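What follows are structure tokens for two forms of the same protein chain, given separately as structure 1 and structure 2.
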Structure 1
């Protein structure tokens, strides 16, 4: 019902030739003319006509016409009338197997793009026609149709069930082309089926036996693409249907071991993944019993840098082998050392740097699983690695930074002058390496060391800050991020020691300079603001000269992220949803300012809409947003409650709804906020207690709840009982056991103090304490340095229980430190 005319054809052919001209500007001119014509449907009818039917014209003009149309599909398919679209569809399927490889590639890319963009529900007979075309006599047609089906399976596998269950016909049919004579078709066949293994697609699982028998029959295929796809198949079958591989495990392991050494590096990388996946299964040790002795040297050998990467310098046989060795070391732990140590001896001291490098990487990879077993060798290895940090080849320096980092805990545990002092000295020198890959390795290692050492670095603080600040001049972009993180960690590790004028004036200027440089859309803000958050908590009162623009920018980031989210929610096809990391980062930095500046932030908050913005952040679908806003709420509750008090009526029900322990961090920050709000509410928190308490009690008696959530729940229940004993005390019998067991283990501080005066007051029902009194006695003995008020309180309840003497039988079940501290402080 549409046919071309010579005038229109000549203009298109003219325009298509012109688009192939070599000249500088005629190409920019032809694109503006295509831009205009692209939105006219009759033009796309001409494009597909040139591709499939103008066999007079050459191949490059025909296929370029098809590719321009492909771009129009990707952009304007919505606007295509159902008569142009059907004409393109029919011509594609009818020329799926053209004799020209370039034309055939172009038709398929059309098919594939219409199928995805425009959605398969709207091309109902595509899959049946493609499947019928698979049975064709002509090879190119069968190959081209299978080419399309494979792209479609890779792109749209998630349409298994409602076209209407097409996989129930295709998958059984793909399995029949595993035996096909042409290796190309065979690859397509198992490539298609591989898309549906992890899904446990019903059509495939009910044919799992035919699948497995056809895979075995294909194992010795000489064509790499088959071997590779057979290897992929076996690795996924390992994850979902281990049951049916079990009777063949010995031959499969034997096969994968051979393929892990394949001459084709892509085959070997697919094979190598088998070991990663097998290590997770509980059957691992039993299965590998006869092959582990060869697997370990095979893995270690593939960890060397390939020759290409050697010259160049992302996932490859090196990383995969290393990852496998890491997991295996975790599975076998010390049993692995007799396999690894001879290799390590032959590699760590080798004359050829590529070999030695791989030795050092082995040493780091096994560190976590084999740590205990290698303690005896560390007094020799660690001084050796510190010497390698000065090795002449950069890649040896950078891997040595890493594996030293993997032994940081052992190093901090030894006398600081022996290993820690020299390691840190030469890591700092390495920070200023001239090679960018070493900078990033040494910086990351140093961060790792900072986290392990904590206050052990305070004597070195000035020299660390000299090195870290200097790096601002040498680093740009990619390692500045690592550098910010090293500064953030330093601030978390030495805390308030950072708060000295010499340090502040050395560190802030370059931090603010990179701050003024970045704009509100740059994701580089994430490490910078997370760094400033840590710096502000450490610098506390000394951050005051810098906080004003820092605060107002964070509130701005939250405000714009909320507004963009609401816009996107309003018209999603016109406005893109915002990255809510900007908001999470910005909330956390405000938490850092409120913790660090304390009361000094109130003048900033008094002039802000942060609480109105916090109200909406607390209700966000995403947990990390809720988690950061509740953390900010507790911090503002401490710093400037004057401004929070009017909002409590609205915040409390929302805090009540986020006492859900499936989200640990949200649940935790919510409970902590409730506690801090209590202390400043006073008796006025009476009406809000029914909204939280019954769940808090359920949370504190829930098994396999992380210790930190339990202590915060204990501290909040204590604080709520200090403030309104009337409605809290009835539950004493129901939570005192886990309360005492958890709070027994926290340092004597203001939260501990606040919580224990709460338990004392709950004086209001002493009968809730009796049947489990052993736990309270222990909990009060946990106190080393209690302030006098709390001591006086403590003597009263213990002496009161005594007077109900007869108790000595019970009191002798005390361990000796328990019984003796109670007599020492309180005289019972």
Structure 2
């Protein structure tokens, strides 16, 4: 039990100077301070000063303890036992000191110690805390519950784990009791503690569920913010876990939450507003809320107004917090919009008229925000009003207030689809014009919005942008020489998208001369170790695909570096996997973007890439990439494989027997994108192998057939599954034809909804081949085939004839009148397609 008078005065004076106004004495004394951390006796002084030295002032005492806390955050593995126990002993004995600063300091010590040493190393803590909970003195009980809150906040799953037993069996009923304590501060702690176990649906709470709801309900109208706040969090969380026990009280909950969404306390308001988001997700919502709508919308729409503090912090990275009342309200509107569709328009429209034109800009802004927020869910019933609203918004892009120009960009972008479905001179042309001006706006936030809006518009406009390319590139490349860094991400996006939308139309010497110099500038000046390459190479993978042979001037150095990036990454992984202590783990993103650039490189160049592939280790590398533990890396490698298979199969063919085992084991639909690119690859390969695919059919086909009949499977994955089955059937009809029955339905349903293209052509040659081989595969579901055949606008002649031989085949097989009875199912446009295009 050592104080030591020599060492005592040495630290007391070193604590003094660590409170000095100037940094010169501060930073040198802090250096000279925790460098005394070498001694195993040092941290004992610190607790002693905090708890046992009454002769010293509280600021000094408090600080000494906080330094001791910072000596557990870092340097706790090097803690001696007797020290640790003695600090633990002095804390629990003083957990509720009469001085609030000392009480709080001792508080956070207990919180950090019991955090760093998980909670096997203080098994005396929890039982002693629950004991100190029934304490006759307030300060002790307040101090205990306060540590119990932080502990619950830090180690919820650790307390629900087996690692310390299941002490929640007794703590849940214990906390619930203090819901009725007369102090507001205690009640707060109690609900906060219980709140930490709602989501994980902790069993200890689920048997006390009703008495939990009861206690909470009795606390709902508590006048103390913190309590109201914590009740709101609980009710909200409880919507996701125990919606059964909330349904009978639902209308009372919602009415309460409306009273709470406009709470006089900002925190409560925000926590209440969460309710509408969560509720919006439950399938019940659609009919439980209809009656509350004319009261909810105005509450949301008023919350979407910029809180005046936002105005000044907007107009370092000048940004508001991730999560606001405004944002939450806007989010809830967007989700409710998607739940009610047009049925929400009567509730909102009157408000829009009032807001959009309003003279105060803060109000106008929120109107434009609303207009964008409802855009997705309320689209079909918004269209009638759009020939007036768009030209209005286009004018607002010139409003003097920057934040108005901001959302106007966004809101227009949310109606981009409609805009392009119109004669371009009246809506698309002027929108584009003002957006281009705005991309170069003096305001950072406006550029961000304008550039994004333009990107959205480009996806929607496509080739309708071709005539305007000279102007577009001019401003995009200028922005390139101006845009800071955050905005550069968006700008790269806008260019890649440009290229994706216009494709080959970008391949003109005048456009290349504009677009390429600045990208090469960026290229040459960034180092291989620099993460600014990510958005660059990603951008280039789009530009290369679009430029096609216009890219030849640049292709070799580009191909050269991508292979290097892939090689330096794999190599770094093995020097890490065999020697973690010496070599650091590589960032796999370098490898991803390099694979991706290689992709768009094979796609833009086709057969011209072959010489670059022949004199490279790309295949050997790719084969390693396809085995990476990271799915995103497998994903990119399969896309590249599909591409090279198309570009230069002669260099891939030797590897097929090696590749196919890997592709075959990556048809797990839990990994959507990996599965997708594997399936696409298997397809392209099969076209190149021809009859030689025969060995692999039994290895993949049934996986594909399971996937295509699997519910809740994304539509594009379904699409490539359909394509690849088709392509496997084209080359191995004998092997694939017998499954005809098992895939024809979703195959047709999937492929009837895609544009006529080469892959669609590829797949239908297959389905046709399999049909002439196994006609009985389609007999039972021939209607699906007819509808899929009809989904074609302009089929090639031979394909059109193949469709025709088969249709007449069955008509002339089943009979004259037999066809009529079967054709009576056809919707009008179908019955009339087959008769006009194929002669029934």
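Between two forms, the rigid core is defined as the largest C-alpha subset superposing within 1.5 Å. Numbering follows the first chain given and starts at 1.
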{"query": "At the hinge of two rigid parts that rotate between structure 1 and structure 2, the residue from 493, 295, 268, 72", "finding": "493"}
{"query": "Rigid hinge motion between structure 1 and structure 2 - rotation in whole degrees", "finding": "16"}
{"query": "Per-residue CA shift, residue 637 (Å; core superposed between structure 1 and structure 2)", "finding": "5.2"}
{"query": "Rigid-core-superposed Cα shift at residue 156 between structure 1 and structure 2, Å", "finding": "0.6"}
{"query": "Rigid-core-fitted C-alpha displacement of residue 589 between structure 1 and structure 2 (angstrom)", "finding": "3.0"}
